[PDB]
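Listing of target_33.cif, mmCIF, N, CA and C atoms
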```cif
data_structure
#
loop_
_atom_site.label_atom_id
_atom_site.label_comp_id
_atom_site.auth_asym_id
_atom_site.auth_seq_id
_atom_site.Cartn_x
_atom_site.Cartn_y
_atom_site.Cartn_z
N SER U 22 27.15 8.82 15.68
CA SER U 22 27.91 9.61 14.71
C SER U 22 27.07 10.64 13.98
N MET U 23 27.74 11.60 13.36
CA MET U 23 27.07 12.50 12.50
C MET U 23 26.49 11.80 11.26
N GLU U 24 27.21 10.81 10.69
CA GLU U 24 26.68 10.08 9.50
C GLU U 24 25.30 9.40 9.87
N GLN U 25 25.25 8.79 11.05
CA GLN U 25 24.04 8.03 11.44
C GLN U 25 22.90 8.98 11.55
N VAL U 26 23.13 10.15 12.11
CA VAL U 26 22.12 11.23 12.14
C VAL U 26 21.64 11.70 10.78
N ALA U 27 22.58 11.88 9.85
CA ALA U 27 22.25 12.33 8.47
C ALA U 27 21.38 11.26 7.81
N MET U 28 21.75 10.00 8.03
CA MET U 28 21.01 8.83 7.48
C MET U 28 19.58 8.87 8.07
N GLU U 29 19.49 9.07 9.39
CA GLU U 29 18.21 9.17 10.04
C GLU U 29 17.34 10.34 9.58
N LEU U 30 17.94 11.48 9.23
CA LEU U 30 17.20 12.59 8.67
C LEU U 30 16.63 12.23 7.27
N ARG U 31 17.46 11.62 6.44
CA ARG U 31 17.05 11.06 5.11
C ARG U 31 15.82 10.13 5.31
N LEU U 32 15.89 9.22 6.26
CA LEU U 32 14.75 8.25 6.50
C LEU U 32 13.51 9.01 6.95
N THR U 33 13.67 10.02 7.80
CA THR U 33 12.59 10.81 8.23
C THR U 33 11.95 11.55 7.11
N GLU U 34 12.76 12.06 6.19
CA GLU U 34 12.22 12.76 5.07
C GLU U 34 11.52 11.80 4.06
N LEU U 35 12.09 10.64 3.92
CA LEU U 35 11.42 9.60 3.04
C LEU U 35 10.06 9.29 3.66
N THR U 36 10.04 9.12 4.99
CA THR U 36 8.80 8.81 5.69
C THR U 36 7.78 9.88 5.48
N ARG U 37 8.21 11.17 5.51
CA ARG U 37 7.33 12.29 5.20
C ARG U 37 6.72 12.22 3.80
N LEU U 38 7.56 11.92 2.83
CA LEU U 38 7.11 11.82 1.44
C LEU U 38 6.16 10.61 1.28
N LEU U 39 6.55 9.46 1.80
CA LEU U 39 5.67 8.25 1.79
C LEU U 39 4.36 8.47 2.50
N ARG U 40 4.33 9.27 3.55
CA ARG U 40 3.06 9.57 4.18
C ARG U 40 2.14 10.35 3.29
N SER U 41 2.64 11.31 2.52
CA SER U 41 1.85 12.04 1.57
C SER U 41 1.39 11.10 0.40
N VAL U 42 2.32 10.27 -0.10
CA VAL U 42 1.96 9.19 -1.09
C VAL U 42 0.82 8.31 -0.53
N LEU U 43 0.94 7.88 0.71
CA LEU U 43 -0.09 6.96 1.25
C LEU U 43 -1.45 7.65 1.31
N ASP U 44 -1.46 8.95 1.65
CA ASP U 44 -2.67 9.67 1.74
C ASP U 44 -3.31 9.83 0.42
N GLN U 45 -2.50 10.10 -0.60
CA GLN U 45 -2.99 10.26 -1.96
C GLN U 45 -3.52 8.90 -2.49
N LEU U 46 -2.83 7.81 -2.20
CA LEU U 46 -3.36 6.50 -2.66
C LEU U 46 -4.63 6.12 -1.95
N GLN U 47 -4.70 6.33 -0.64
CA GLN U 47 -5.90 5.99 0.10
C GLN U 47 -7.15 6.82 -0.31
N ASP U 48 -6.91 8.04 -0.80
CA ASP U 48 -8.01 8.82 -1.37
C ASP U 48 -8.63 8.19 -2.61
N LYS U 49 -7.86 7.39 -3.34
CA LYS U 49 -8.35 6.66 -4.45
C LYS U 49 -9.17 5.44 -4.05
N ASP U 50 -9.43 5.27 -2.73
CA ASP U 50 -10.27 4.16 -2.22
C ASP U 50 -11.35 4.76 -1.41
N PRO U 51 -12.25 5.49 -2.11
CA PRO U 51 -13.24 6.18 -1.26
C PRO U 51 -14.24 5.30 -0.52
N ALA U 52 -14.44 4.07 -1.01
CA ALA U 52 -15.31 3.11 -0.36
C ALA U 52 -14.67 2.51 0.93
N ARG U 53 -13.36 2.77 1.16
CA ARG U 53 -12.63 2.19 2.27
C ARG U 53 -12.55 0.66 2.28
N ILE U 54 -12.59 0.09 1.07
CA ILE U 54 -12.48 -1.34 0.89
C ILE U 54 -11.14 -1.87 1.38
N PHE U 55 -10.10 -1.04 1.30
CA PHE U 55 -8.70 -1.50 1.58
C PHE U 55 -8.16 -0.85 2.86
N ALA U 56 -9.03 -0.22 3.63
CA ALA U 56 -8.60 0.49 4.80
C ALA U 56 -8.11 -0.32 5.94
N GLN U 57 -8.65 -1.52 6.09
CA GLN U 57 -8.34 -2.36 7.24
C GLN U 57 -8.06 -3.82 6.83
N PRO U 58 -7.36 -4.60 7.66
CA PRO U 58 -7.20 -6.03 7.36
C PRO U 58 -8.45 -6.76 7.10
N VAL U 59 -8.49 -7.67 6.14
CA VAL U 59 -9.62 -8.60 5.96
C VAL U 59 -9.79 -9.29 7.32
N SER U 60 -11.01 -9.27 7.86
CA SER U 60 -11.34 -9.88 9.15
C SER U 60 -11.36 -11.45 9.10
N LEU U 61 -10.55 -12.10 9.93
CA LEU U 61 -10.47 -13.53 9.96
C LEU U 61 -11.64 -14.07 10.73
N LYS U 62 -12.31 -13.22 11.51
CA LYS U 62 -13.61 -13.66 12.07
C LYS U 62 -14.62 -13.82 11.01
N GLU U 63 -14.74 -12.85 10.11
CA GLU U 63 -15.68 -12.83 8.96
C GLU U 63 -15.31 -13.63 7.66
N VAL U 64 -14.00 -13.82 7.45
CA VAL U 64 -13.49 -14.62 6.36
C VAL U 64 -12.50 -15.63 6.94
N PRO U 65 -13.04 -16.68 7.59
CA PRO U 65 -12.15 -17.55 8.36
C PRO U 65 -11.10 -18.35 7.56
N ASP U 66 -11.36 -18.60 6.30
CA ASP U 66 -10.46 -19.35 5.41
C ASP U 66 -9.41 -18.40 4.77
N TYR U 67 -9.36 -17.11 5.11
CA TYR U 67 -8.64 -16.18 4.25
C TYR U 67 -7.14 -16.56 4.07
N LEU U 68 -6.49 -17.00 5.13
CA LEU U 68 -5.06 -17.27 5.09
C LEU U 68 -4.77 -18.57 4.34
N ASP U 69 -5.80 -19.38 4.07
CA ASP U 69 -5.63 -20.52 3.20
C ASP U 69 -5.41 -20.03 1.75
N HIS U 70 -5.97 -18.84 1.42
CA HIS U 70 -5.93 -18.29 0.04
C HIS U 70 -4.78 -17.31 -0.07
N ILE U 71 -4.63 -16.40 0.85
CA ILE U 71 -3.72 -15.27 0.78
C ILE U 71 -2.68 -15.42 1.89
N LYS U 72 -1.44 -15.54 1.41
CA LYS U 72 -0.33 -15.80 2.35
C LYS U 72 0.27 -14.59 3.00
N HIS U 73 0.14 -13.38 2.36
CA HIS U 73 0.67 -12.19 2.89
C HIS U 73 -0.43 -11.07 2.79
N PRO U 74 -1.35 -11.11 3.72
CA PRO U 74 -2.38 -10.04 3.75
C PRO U 74 -1.79 -8.66 3.90
N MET U 75 -2.49 -7.64 3.35
CA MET U 75 -2.01 -6.28 3.50
C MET U 75 -3.23 -5.36 3.41
N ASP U 76 -3.07 -4.18 3.92
CA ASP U 76 -4.17 -3.16 3.94
C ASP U 76 -3.55 -1.80 4.33
N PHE U 77 -4.28 -0.72 4.17
CA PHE U 77 -3.70 0.56 4.38
C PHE U 77 -3.39 0.85 5.87
N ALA U 78 -4.17 0.34 6.80
CA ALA U 78 -3.83 0.55 8.20
C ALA U 78 -2.52 -0.12 8.61
N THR U 79 -2.27 -1.30 8.06
CA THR U 79 -1.06 -2.06 8.36
C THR U 79 0.09 -1.29 7.76
N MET U 80 -0.07 -0.73 6.55
CA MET U 80 1.04 0.06 5.94
C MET U 80 1.33 1.29 6.77
N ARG U 81 0.30 1.91 7.31
CA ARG U 81 0.50 3.13 8.07
C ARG U 81 1.28 2.83 9.34
N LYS U 82 1.03 1.69 9.97
CA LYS U 82 1.77 1.29 11.19
C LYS U 82 3.25 1.13 10.84
N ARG U 83 3.53 0.44 9.76
CA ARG U 83 4.90 0.30 9.32
C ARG U 83 5.52 1.65 8.98
N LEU U 84 4.84 2.48 8.27
CA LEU U 84 5.36 3.77 7.89
C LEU U 84 5.75 4.56 9.14
N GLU U 85 4.90 4.56 10.15
CA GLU U 85 5.12 5.46 11.31
C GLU U 85 6.19 4.97 12.24
N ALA U 86 6.52 3.70 12.16
CA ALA U 86 7.68 3.15 12.76
C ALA U 86 8.92 3.39 11.88
N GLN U 87 8.82 4.27 10.85
CA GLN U 87 9.88 4.31 9.81
C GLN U 87 10.39 2.97 9.28
N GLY U 88 9.49 1.99 8.98
CA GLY U 88 9.86 0.73 8.53
C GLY U 88 9.95 0.51 7.01
N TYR U 89 9.77 1.58 6.23
CA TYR U 89 10.03 1.54 4.79
C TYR U 89 11.41 2.25 4.54
N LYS U 90 12.34 1.45 4.14
CA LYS U 90 13.72 1.98 3.83
C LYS U 90 13.85 2.68 2.50
N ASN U 91 12.97 2.36 1.56
CA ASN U 91 13.03 2.87 0.21
C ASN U 91 11.59 2.75 -0.36
N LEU U 92 11.35 3.42 -1.47
CA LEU U 92 10.05 3.41 -2.14
C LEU U 92 9.68 2.01 -2.64
N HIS U 93 10.62 1.19 -3.08
CA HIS U 93 10.34 -0.20 -3.51
C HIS U 93 9.61 -0.99 -2.45
N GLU U 94 10.06 -0.91 -1.22
CA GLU U 94 9.44 -1.67 -0.12
C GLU U 94 7.97 -1.21 0.09
N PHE U 95 7.72 0.07 0.00
CA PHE U 95 6.38 0.65 0.12
C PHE U 95 5.53 0.18 -1.05
N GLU U 96 6.04 0.28 -2.24
CA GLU U 96 5.29 -0.22 -3.39
C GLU U 96 4.97 -1.69 -3.32
N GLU U 97 5.86 -2.50 -2.77
CA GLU U 97 5.61 -3.92 -2.62
C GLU U 97 4.30 -4.15 -1.81
N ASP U 98 4.18 -3.42 -0.70
CA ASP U 98 3.01 -3.54 0.21
C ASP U 98 1.78 -3.02 -0.56
N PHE U 99 1.87 -1.92 -1.28
CA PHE U 99 0.68 -1.47 -2.04
C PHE U 99 0.23 -2.48 -3.08
N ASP U 100 1.17 -3.09 -3.76
CA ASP U 100 0.85 -4.07 -4.77
C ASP U 100 0.20 -5.30 -4.08
N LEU U 101 0.59 -5.67 -2.86
CA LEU U 101 -0.02 -6.77 -2.15
C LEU U 101 -1.53 -6.50 -1.91
N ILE U 102 -1.83 -5.26 -1.53
CA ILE U 102 -3.26 -4.90 -1.30
C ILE U 102 -4.03 -5.26 -2.58
N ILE U 103 -3.57 -4.79 -3.73
CA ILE U 103 -4.26 -4.95 -5.01
C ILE U 103 -4.29 -6.42 -5.44
N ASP U 104 -3.11 -7.03 -5.44
CA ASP U 104 -2.97 -8.37 -5.96
C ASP U 104 -3.72 -9.39 -5.12
N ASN U 105 -3.73 -9.24 -3.80
CA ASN U 105 -4.46 -10.15 -2.89
C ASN U 105 -5.96 -10.12 -3.29
N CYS U 106 -6.44 -8.89 -3.44
CA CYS U 106 -7.86 -8.69 -3.74
C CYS U 106 -8.25 -9.27 -5.05
N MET U 107 -7.44 -9.10 -6.08
CA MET U 107 -7.75 -9.61 -7.41
C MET U 107 -7.64 -11.13 -7.54
N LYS U 108 -6.98 -11.76 -6.56
CA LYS U 108 -6.98 -13.23 -6.53
C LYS U 108 -8.20 -13.77 -5.72
N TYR U 109 -8.44 -13.22 -4.55
CA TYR U 109 -9.51 -13.72 -3.68
C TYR U 109 -10.88 -13.48 -4.24
N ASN U 110 -11.04 -12.32 -4.90
CA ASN U 110 -12.37 -11.93 -5.40
C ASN U 110 -12.48 -12.12 -6.87
N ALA U 111 -13.65 -12.49 -7.42
CA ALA U 111 -13.82 -12.64 -8.81
C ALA U 111 -13.92 -11.35 -9.52
N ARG U 112 -13.73 -11.38 -10.83
CA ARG U 112 -13.81 -10.19 -11.68
C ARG U 112 -15.06 -9.39 -11.59
N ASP U 113 -16.21 -10.04 -11.38
CA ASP U 113 -17.53 -9.41 -11.33
C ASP U 113 -17.94 -8.85 -9.95
N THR U 114 -16.97 -8.55 -9.11
CA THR U 114 -17.28 -8.12 -7.77
C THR U 114 -16.87 -6.68 -7.56
N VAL U 115 -17.57 -6.02 -6.63
CA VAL U 115 -17.21 -4.64 -6.30
C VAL U 115 -15.77 -4.56 -5.74
N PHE U 116 -15.34 -5.64 -5.06
CA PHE U 116 -14.00 -5.67 -4.49
C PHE U 116 -12.94 -5.70 -5.58
N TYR U 117 -13.02 -6.65 -6.52
CA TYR U 117 -12.06 -6.69 -7.62
C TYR U 117 -11.99 -5.37 -8.38
N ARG U 118 -13.21 -4.85 -8.67
CA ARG U 118 -13.29 -3.63 -9.48
C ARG U 118 -12.65 -2.44 -8.73
N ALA U 119 -12.83 -2.42 -7.41
CA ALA U 119 -12.20 -1.35 -6.61
C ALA U 119 -10.70 -1.46 -6.71
N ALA U 120 -10.16 -2.69 -6.68
CA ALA U 120 -8.71 -2.84 -6.78
C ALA U 120 -8.17 -2.39 -8.12
N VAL U 121 -8.88 -2.71 -9.23
CA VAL U 121 -8.45 -2.25 -10.54
C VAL U 121 -8.35 -0.70 -10.58
N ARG U 122 -9.38 -0.06 -10.05
CA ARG U 122 -9.44 1.40 -10.10
C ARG U 122 -8.35 1.99 -9.22
N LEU U 123 -8.08 1.38 -8.08
CA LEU U 123 -6.98 1.82 -7.20
C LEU U 123 -5.63 1.65 -7.86
N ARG U 124 -5.38 0.53 -8.52
CA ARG U 124 -4.16 0.31 -9.27
C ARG U 124 -3.97 1.40 -10.36
N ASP U 125 -5.01 1.64 -11.12
CA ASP U 125 -4.94 2.54 -12.26
C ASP U 125 -4.68 3.95 -11.78
N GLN U 126 -5.44 4.39 -10.79
CA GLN U 126 -5.29 5.76 -10.26
C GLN U 126 -4.04 5.91 -9.46
N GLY U 127 -3.58 4.88 -8.79
CA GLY U 127 -2.38 4.95 -7.95
C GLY U 127 -1.12 5.06 -8.78
N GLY U 128 -1.15 4.51 -10.00
CA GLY U 128 0.00 4.50 -10.92
C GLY U 128 0.59 5.87 -11.13
N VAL U 129 -0.30 6.84 -11.31
CA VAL U 129 0.04 8.24 -11.56
C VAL U 129 0.82 8.86 -10.38
N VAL U 130 0.33 8.59 -9.19
CA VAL U 130 0.88 9.06 -7.92
C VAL U 130 2.26 8.45 -7.73
N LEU U 131 2.35 7.15 -7.92
CA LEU U 131 3.61 6.44 -7.76
C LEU U 131 4.68 6.78 -8.81
N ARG U 132 4.28 7.06 -10.04
CA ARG U 132 5.21 7.53 -11.05
C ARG U 132 5.91 8.80 -10.61
N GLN U 133 5.19 9.77 -10.03
CA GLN U 133 5.84 11.01 -9.65
C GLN U 133 6.62 10.85 -8.33
N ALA U 134 6.13 10.01 -7.42
CA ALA U 134 6.84 9.70 -6.22
C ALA U 134 8.23 9.18 -6.53
N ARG U 135 8.34 8.31 -7.50
CA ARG U 135 9.64 7.75 -7.85
C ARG U 135 10.59 8.86 -8.38
N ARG U 136 10.06 9.76 -9.18
CA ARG U 136 10.87 10.88 -9.65
C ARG U 136 11.36 11.71 -8.47
N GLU U 137 10.48 12.00 -7.50
CA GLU U 137 10.81 12.81 -6.30
C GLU U 137 11.83 12.15 -5.39
N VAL U 138 11.68 10.85 -5.21
CA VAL U 138 12.62 10.10 -4.42
C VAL U 138 14.03 10.14 -5.04
N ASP U 139 14.13 9.86 -6.34
CA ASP U 139 15.40 9.98 -7.11
C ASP U 139 15.94 11.42 -7.14
N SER U 140 15.06 12.37 -7.47
CA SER U 140 15.43 13.79 -7.54
C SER U 140 16.02 14.29 -6.20
N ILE U 141 15.21 14.31 -5.13
CA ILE U 141 15.68 14.72 -3.78
C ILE U 141 16.74 13.78 -3.17
N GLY U 142 16.92 12.58 -3.73
CA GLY U 142 17.92 11.61 -3.25
C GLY U 142 17.41 10.90 -2.01
#
```
Would you encode the structure as structure tokens?
Amino acid sequence: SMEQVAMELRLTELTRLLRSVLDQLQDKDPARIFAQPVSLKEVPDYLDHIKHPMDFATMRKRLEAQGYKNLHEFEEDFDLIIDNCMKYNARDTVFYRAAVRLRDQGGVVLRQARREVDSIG
């Protein structure tokens, strides 16, 4: 149908906007601490601690399959990256500290993304 096409164009455009959001958030991780999944070869107990691992490469795979229906779903995955890290790592670690800085700097990006998503519909 024509409606299904219009819906698909909307999703494509959301995907475009989320891709720019993802790029802007990933720039706030210049150390690349959150770029890839925590390695289960190197951290073999990880899934005993963290039940829903997340990282920017995994988000990008989902994004490119158009698997984010709305900004909430995308934000859920970003918050998992941060929250997983702040539980597994202690406060005095470069990893925890990187997550705090990513959360703080990402807030600004996500605030305007939400306005754009609502504004453009």
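In this comparison, which uses only C-alpha atoms, the residue of U:63, U:24, U:44, U:29 approaching residue 131 in chain U most closely is U:44.
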Neighbour list for residue 134 in chain U as number ranges by chain, cut-off 8 Å, only N, CA and C atoms, skip fewer than 5 positions in-chain: U: 38, 42, 92, 128-129, 139-140
Kindly provide the residues of range 50-115 of chain U that approach range 30-35 of chain U to within 8 Å, each paired with its closest atom pair and their distance in Å to one decimal, based on all atoms listed in the file, listed by chain and increasing number, as a Markdown table.
```
| residue | atom | partner | partner_atom | distance |
| --- | --- | --- | --- | --- |
| U:87 | CA | U:32 | C | 6.6 |
| U:89 | C | U:32 | CA | 7.1 |
| U:90 | CA | U:32 | CA | 6.9 |
| U:91 | CA | U:35 | CA | 7.5 |
| U:92 | N | U:35 | CA | 7.7 |
```
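The space separating CA of residue 118 in chain U from CA of residue 69 in chain U comes to 22.5 Å.
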So which residues get picked by the PyMOL selection byres ((chain U and resi 77) around 6.5) here, written as a PDB file with N, CA and C atoms, in the coordinates of the input?
```
ATOM      1  N   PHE U  55     -10.100  -1.040   1.300  1.00  0.00           N
ATOM      2  CA  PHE U  55      -8.700  -1.500   1.580  1.00  0.00           C
ATOM      3  C   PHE U  55      -8.160  -0.850   2.860  1.00  0.00           C
ATOM      4  N   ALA U  56      -9.030  -0.220   3.630  1.00  0.00           N
ATOM      5  CA  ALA U  56      -8.600   0.490   4.800  1.00  0.00           C
ATOM      6  C   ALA U  56      -8.110  -0.320   5.940  1.00  0.00           C
ATOM      7  N   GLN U  57      -8.650  -1.520   6.090  1.00  0.00           N
ATOM      8  CA  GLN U  57      -8.340  -2.360   7.240  1.00  0.00           C
ATOM      9  C   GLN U  57      -8.060  -3.820   6.830  1.00  0.00           C
ATOM     10  N   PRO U  58      -7.360  -4.600   7.660  1.00  0.00           N
ATOM     11  CA  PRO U  58      -7.200  -6.030   7.360  1.00  0.00           C
ATOM     12  C   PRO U  58      -8.450  -6.760   7.100  1.00  0.00           C
ATOM     13  N   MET U  75      -2.490  -7.640   3.350  1.00  0.00           N
ATOM     14  CA  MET U  75      -2.010  -6.280   3.500  1.00  0.00           C
ATOM     15  C   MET U  75      -3.230  -5.360   3.410  1.00  0.00           C
ATOM     16  N   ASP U  76      -3.070  -4.180   3.920  1.00  0.00           N
ATOM     17  CA  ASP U  76      -4.170  -3.160   3.940  1.00  0.00           C
ATOM     18  C   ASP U  76      -3.550  -1.800   4.330  1.00  0.00           C
ATOM     19  N   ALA U  78      -4.170   0.340   6.800  1.00  0.00           N
ATOM     20  CA  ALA U  78      -3.830   0.550   8.200  1.00  0.00           C
ATOM     21  C   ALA U  78      -2.520  -0.120   8.610  1.00  0.00           C
ATOM     22  N   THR U  79      -2.270  -1.300   8.060  1.00  0.00           N
ATOM     23  CA  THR U  79      -1.060  -2.060   8.360  1.00  0.00           C
ATOM     24  C   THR U  79       0.090  -1.290   7.760  1.00  0.00           C
ATOM     25  N   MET U  80      -0.070  -0.730   6.550  1.00  0.00           N
ATOM     26  CA  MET U  80       1.040   0.060   5.940  1.00  0.00           C
ATOM     27  C   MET U  80       1.330   1.290   6.770  1.00  0.00           C
ATOM     28  N   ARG U  81       0.300   1.910   7.310  1.00  0.00           N
ATOM     29  CA  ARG U  81       0.500   3.130   8.070  1.00  0.00           C
ATOM     30  C   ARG U  81       1.280   2.830   9.340  1.00  0.00           C
ATOM     31  N   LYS U  82       1.030   1.690   9.970  1.00  0.00           N
ATOM     32  CA  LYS U  82       1.770   1.290  11.190  1.00  0.00           C
ATOM     33  C   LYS U  82       3.250   1.130  10.840  1.00  0.00           C
TER      34      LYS U  82
END
```
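From atom C of residue 73 in chain U back to atom N of residue 60 in chain U, the distance works out to 11.9 Å.
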Could you work out an axis-aligned box for range 29-47 of chain U, taking every atom the file lists and adding 3 Å on each side, and report centre and edge lengths in Å to one decimal, as JSON?
```
{"center_x": 6.2, "center_y": 9.4, "center_z": 3.7, "size_x": 32.6, "size_y": 12.8, "size_z": 18.7}
```
For range 121-125 of chain U: contacts at 8 Å, all atoms listed in the file, fewer than 3 positions along chain excluded, given as a PyMOL selection string: chain U and resi 46+49-50+103+106-107+115-118+128-130
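Of note, CA of residue 85 in chain U and CA of residue 100 in chain U are spaced 19.2 Å apart.
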Residues flagged alpha helix (DSSP H) by DSSP in chain U, as a ChimeraX atom specification: /U:23-48,67-70,77-85,92-109,115-141
Selected residue of minimal separation from residue 97 in chain U among U:40, U:65, U:22, U:74, counting only C-alpha atoms: U:74
Block slice range 52-63 of chain U, N, CA, C and O atoms, emitted as a PDB file, in the first residue's frame:
```pdb
ATOM      1  N   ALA U  52      38.188   7.584  23.579  1.00  0.00           N
ATOM      2  CA  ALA U  52      39.024   6.458  23.945  1.00  0.00           C
ATOM      3  C   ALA U  52      38.524   5.123  23.306  1.00  0.00           C
ATOM      4  O   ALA U  52      39.209   4.122  23.362  1.00  0.00           O
ATOM      5  N   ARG U  53      37.318   5.129  22.697  1.00  0.00           N
ATOM      6  CA  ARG U  53      36.713   3.926  22.148  1.00  0.00           C
ATOM      7  C   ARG U  53      36.438   2.804  23.152  1.00  0.00           C
ATOM      8  O   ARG U  53      36.452   1.655  22.838  1.00  0.00           O
ATOM      9  N   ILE U  54      36.211   3.220  24.406  1.00  0.00           N
ATOM     10  CA  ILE U  54      35.898   2.300  25.473  1.00  0.00           C
ATOM     11  C   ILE U  54      34.600   1.547  25.208  1.00  0.00           C
ATOM     12  O   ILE U  54      34.488   0.343  25.573  1.00  0.00           O
ATOM     13  N   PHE U  55      33.674   2.194  24.493  1.00  0.00           N
ATOM     14  CA  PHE U  55      32.285   1.636  24.311  1.00  0.00           C
ATOM     15  C   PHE U  55      32.054   1.219  22.860  1.00  0.00           C
ATOM     16  O   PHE U  55      30.943   0.820  22.453  1.00  0.00           O
ATOM     17  N   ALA U  56      33.104   1.171  22.060  1.00  0.00           N
ATOM     18  CA  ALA U  56      32.966   0.881  20.667  1.00  0.00           C
ATOM     19  C   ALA U  56      32.568  -0.502  20.305  1.00  0.00           C
ATOM     20  O   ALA U  56      31.893  -0.747  19.335  1.00  0.00           O
ATOM     21  N   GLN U  57      32.971  -1.471  21.121  1.00  0.00           N
ATOM     22  CA  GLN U  57      32.753  -2.874  20.798  1.00  0.00           C
ATOM     23  C   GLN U  57      32.223  -3.667  22.020  1.00  0.00           C
ATOM     24  O   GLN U  57      32.418  -3.246  23.138  1.00  0.00           O
ATOM     25  N   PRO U  58      31.580  -4.814  21.811  1.00  0.00           N
ATOM     26  CA  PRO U  58      31.189  -5.651  22.954  1.00  0.00           C
ATOM     27  C   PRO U  58      32.279  -5.988  23.887  1.00  0.00           C
ATOM     28  O   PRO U  58      33.417  -6.189  23.421  1.00  0.00           O
ATOM     29  N   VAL U  59      32.053  -5.989  25.187  1.00  0.00           N
ATOM     30  CA  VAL U  59      33.011  -6.519  26.169  1.00  0.00           C
ATOM     31  C   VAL U  59      33.307  -7.954  25.708  1.00  0.00           C
ATOM     32  O   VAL U  59      32.409  -8.766  25.386  1.00  0.00           O
ATOM     33  N   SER U  60      34.599  -8.281  25.557  1.00  0.00           N
ATOM     34  CA  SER U  60      35.046  -9.600  25.118  1.00  0.00           C
ATOM     35  C   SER U  60      34.865 -10.709  26.220  1.00  0.00           C
ATOM     36  O   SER U  60      35.363 -10.547  27.305  1.00  0.00           O
ATOM     37  N   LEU U  61      34.122 -11.764  25.900  1.00  0.00           N
ATOM     38  CA  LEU U  61      33.873 -12.834  26.830  1.00  0.00           C
ATOM     39  C   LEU U  61      35.070 -13.730  26.886  1.00  0.00           C
ATOM     40  O   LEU U  61      35.269 -14.470  27.856  1.00  0.00           O
ATOM     41  N   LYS U  62      35.967 -13.634  25.892  1.00  0.00           N
ATOM     42  CA  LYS U  62      37.275 -14.312  26.061  1.00  0.00           C
ATOM     43  C   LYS U  62      38.070 -13.684  27.126  1.00  0.00           C
ATOM     44  O   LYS U  62      38.609 -14.386  27.984  1.00  0.00           O
ATOM     45  N   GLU U  63      38.157 -12.349  27.139  1.00  0.00           N
ATOM     46  CA  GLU U  63      38.892 -11.534  28.128  1.00  0.00           C
ATOM     47  C   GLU U  63      38.220 -11.231  29.518  1.00  0.00           C
ATOM     48  O   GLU U  63      38.902 -10.911  30.528  1.00  0.00           O
TER      49      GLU U  63
END
```
